[PDB]
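Novice: Quick one, structure for this:
(one chain, ligands or ions: 3)
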Amino acid sequence: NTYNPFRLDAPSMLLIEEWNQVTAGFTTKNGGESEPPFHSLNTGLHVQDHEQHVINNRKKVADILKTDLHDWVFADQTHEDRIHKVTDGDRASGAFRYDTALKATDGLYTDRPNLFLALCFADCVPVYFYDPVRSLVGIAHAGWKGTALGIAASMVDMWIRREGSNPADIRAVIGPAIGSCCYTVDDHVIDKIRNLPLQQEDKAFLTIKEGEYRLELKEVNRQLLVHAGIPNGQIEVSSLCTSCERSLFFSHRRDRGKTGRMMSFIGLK
Ligand SMILES: [Cl-]
Ligand SMILES: [K+]
Ligand SMILES: [Zn+2]
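Specialist: Numbers count the residues shown, from 1 in each chain. Ligands and ions are numbered 1, 2, ... in the order given. The structure is reproduced below:
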């Protein structure tokens, strides 16, 4: 299926065209230095890959975007719902060492120029946020936990309440993540999903058999953005499934737990 709203600058980059001034995108599996099981453009420092290879994969992505890795900010992602407003002082945090990545953080946004925000992915849902009026860019990492927590709606509530955004001005993109085609969950997950402040929670999951459910994590997040006040017309959901697209993405589910991570990135220049 189409890459839309992304454009493929092969091999390594998928770029959100309409936003580019914002630079936003998502990396692919290809064009890196990492050995199996991280072949080849692994960007995670937390998956026991060779550290120098990950920094070089990041150094290559930073150079394609004609930026410096010193102006990048990374998160210690704990699959909760903490959103950090990145400022100049946060520069280079987590970019070369995981020790300085933003602790227990899964949402990032900023209004400062030349400051690139970065989240790691290999099946979970990447969300992008852009307010062209307030000149805010943001990204959030939503697995099933972050989805049940509504980390995507908190980004919108944070822009509305702390930053003075009009929710009608906010644009959002949902990137490559695991589709319902390849994702089944137990009651423990579904009970937490169906407890979201959405009334149409069950539109995103079905029952295969008792205790096994198919779940579309992109759709719950899209529902949470519309609930939060973003007009549905201003949300674009990538159809790409990280499990299905074997030549493009790492997938935690397909690869049986030991694999690389792509990254989403956004920044203003
Ligand atoms: Cl439970
Ligand atoms: K249903
Ligand atoms: Zn799939």
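
Novice: For the rest of this, base every contact and every neighbour count on C-alpha atoms.
Specialist: Fine.

Novice: And the strands in the stretch 1-150 of the chain?
Specialist: 6-9, 13-16, 22-27, 72-74, 83-85, 107-110, 116-121, 125-131, 136-142 (DSSP state E, counting those that start in this stretch).

Novice: Could I get those strands in CSV, plus columns for mean neighbour count and distance to ligand 3?
Specialist: Below are the strands of the stretch 1-150 of the chain laid out as CSV (neighbours: other CA atoms under 10 Å; distance: least, CA to the ion, whole Å):
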stretch, mean neighbour count, distance to ligand 3
strand 6-9, 16, 18
strand 13-16, 22, 19
strand 22-27, 24, 18
strand 72-74, 27, 27
strand 83-85, 17, 28
strand 107-110, 26, 25
strand 116-121, 28, 15
strand 125-131, 25, 13
strand 136-142, 28, 17
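
Novice: can those go into JSON lines with extra columns for distance to residue 249?
Specialist: What follows is the strands of the stretch 1-150 of the chain, written out as JSON lines (distance: least, CA to CA, whole Å):
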{"stretch": "strand 6-9", "distance to residue 249": "13"}
{"stretch": "strand 13-16", "distance to residue 249": "11"}
{"stretch": "strand 22-27", "distance to residue 249": "8"}
{"stretch": "strand 72-74", "distance to residue 249": "20"}
{"stretch": "strand 83-85", "distance to residue 249": "26"}
{"stretch": "strand 107-110", "distance to residue 249": "22"}
{"stretch": "strand 116-121", "distance to residue 249": "9"}
{"stretch": "strand 125-131", "distance to residue 249": "13"}
{"stretch": "strand 136-142", "distance to residue 249": "16"}
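
Novice: Figure out which of these is closest to residue 97.
Specialist: Taking CA to CA, strand 72-74 is the member of the strands of the stretch 1-150 of the chain nearest to residue 97, at 9.4 Å.
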